[PDB]
Structure formats: structure tokens, C-alpha cells
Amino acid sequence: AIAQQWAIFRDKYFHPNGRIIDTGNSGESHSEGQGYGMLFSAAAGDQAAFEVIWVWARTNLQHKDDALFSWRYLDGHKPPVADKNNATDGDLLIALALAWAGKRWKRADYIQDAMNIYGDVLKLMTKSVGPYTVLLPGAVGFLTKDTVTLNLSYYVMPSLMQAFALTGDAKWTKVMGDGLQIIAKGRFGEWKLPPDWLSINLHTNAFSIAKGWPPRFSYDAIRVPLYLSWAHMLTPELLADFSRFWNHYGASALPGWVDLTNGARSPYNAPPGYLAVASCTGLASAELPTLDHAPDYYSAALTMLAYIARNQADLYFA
């Protein structure tokens, strides 16, 4: 149950000033982490926590000249938020959490906050690429005159759906629909999996695995099947492909990464958060792991996302 799992997450990673901090990377907070804290506390109904997590993120990470968020606060760096680059998944997670909080607690200011973020994602983080409108992963380091790099796991599909519900802007429909087209096509290797990082050539529209990171399905890409399932956008074709992958390795041996150019897998197995995702997307036979057994912060956050997607309590924020 979400409130009980949030209580475990909160005990481990929440601080009274509103910061979410991974105990194993104790000198930083991220926009994605504040977004998770806000999303989980909104889903669990913990308004006292939500309020301080949002105030901390707004005060320390939100930009002056737009509504997006600097990706990291680095303790002891002078100044602590020296890199102003954003991470679009953090922006979209924070916006979704504000939308949920504003609906459940009747707070029009939280709805306005969400709409300000969504407006700037649409304005600053979309680009026309070939026949598509794409969602950029951040302002710096992903777009050149020759190629665009996309992170398909930054298509936080329930957040894009919320943005359309709030605005009625048909461009959100185009971003989502082109995203599904890109995900269908940008799959690689013997398992036909999406990469952590995709490249589209701006002069030819050819798709490839992006240079600059190992050519893997791993810690980013494993969100993709989760967001597609959660948003009811996972096609039969794709569900069958993910199911074949999970069941080849089995619940006891899911890989932490798979190389999409040669099929090599990590020697070690994935954390329980991957099992949570697989259980929602075709693994035989699907109950969710609990956070008291989480080996690390990454796994705990991914497992919580799976609890929210499963929505056993059948809550809908409106």
C-alpha cells in the first residue's frame, strides 16, 4: 500500500528541510529526486512532506528566467547550483506532482505552478526533427546542427497526458504520438529494446544508438515499458517483445544491462526495481517488491513508481 511504502522511502531519504538525498550519494540532490519525493508524497497524501519538498525545489533549483529546474544541487560546491542545465524528466515529474497535489488538496497555486512548468517544457524542450516534434532531454549537450540525442525514458507519459488535460493544447498530443512512433522505431538488437540514449540524424532522419554512453538498455531505458504501460500506450507488439525478454532471463536473473550491439549482459543481476517493472509488463508470474528490502535508492524509487503505476487503490486525481 502506497502510504506504507512512502513511509519507508521517507524515513530513508527525506530530510526535514525538504531535500531528498540518496544515502550512497550523500552530497547531492537532483530535480528528479525532488520530483520523486513530491510525486510519492502527493500519491500517499502526505501534505506536510509535499509542501517542504516543493518549497526546497522551487527555492534552490527553479530557474529565474523560466520555470524549468537546474538538475543538481552539489553540497560544498560554490555555488551549490552552478550548472544550470535541466533534465526534462525531472521537470515533468515535478509538474505531474504539482498537478496531483493541486487537484487532491484543492490548491489552485499548485495547478498554476504545474502549468508554468509544462508551458516552458513545450516552449523550450521541443524541436522539429524530420517528420516529428521531439522532446529534448535538456538544454545543453543533446542538440547539435547534425544530430539530436533523445532519452526515451524522459517521455514521462502520464505527465504528458496531464499536460494535455490541463491545457487542451494539441501540440502535447503531437509530442506524445510522435514519441510512440519514435519508440516503436528506435529499438535495437536481438531483443528489439529501446536504448538508454537514442540519436536521430538531423540531415537524414536515420536512427542510431547515441555515442557518448555505453550502447545499452539499462538504468534509464527500463522506465520506458513502465511509462507506456502506465499510460495505456503499450501496444500488443511491444508487450510481446518485452515479455519475451523478461521471460528469457527469469525473475531470478534479470540483467542490470544488456548491450544492444552484441547481446552481452551484465554479469550481475538487476535490482528489485527492475522486477517491479517486469511484473507490470509481461513477466510470469507478476507481487511487488517492498521497500524494506531495497538495496539502494535507485531501486527504491523505481519500485515506488511501479506501486503508483499499478494503482491498486484505484485513485485518480482530478
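Residue indices: 1-based, along the sequence shown.
Unmodelled stretch separating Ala286 from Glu287: 1 to 3 residues (count of deposited-sequence residues without coordinates).
In this entry, the higher average B-factor at the C-alpha atoms falls on 78-86, of the pair 195-203 and 78-86. Across the two stretches, 264-272 and 24-32, the PDB entry reports the greater mean Cα temperature factor for 24-32. When the C-alpha B-factors of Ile117, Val129, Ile182, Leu160 are read from the PDB record, the largest value belongs to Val129. For the set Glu190, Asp220, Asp109, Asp146, the PDB entry assigns the largest Cα B-factor to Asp146. When all modelled residues of the chain are sorted by CA temperature factor, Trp100 is found within the lowest third. Annotation for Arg244: C-alpha temperature factor in the highest third relative to the rest of the modelled chain, per the entry.
Annotation for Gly186: CA B-factor lies in the middle third of the chain's modelled residues. Among all modelled residues in this chain, the alpha-carbon of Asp91 has a temperature factor (C-alpha) in the lowest third.
When the modelled residues of the chain are ordered by C-alpha B-factor, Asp292 sits in the highest third.
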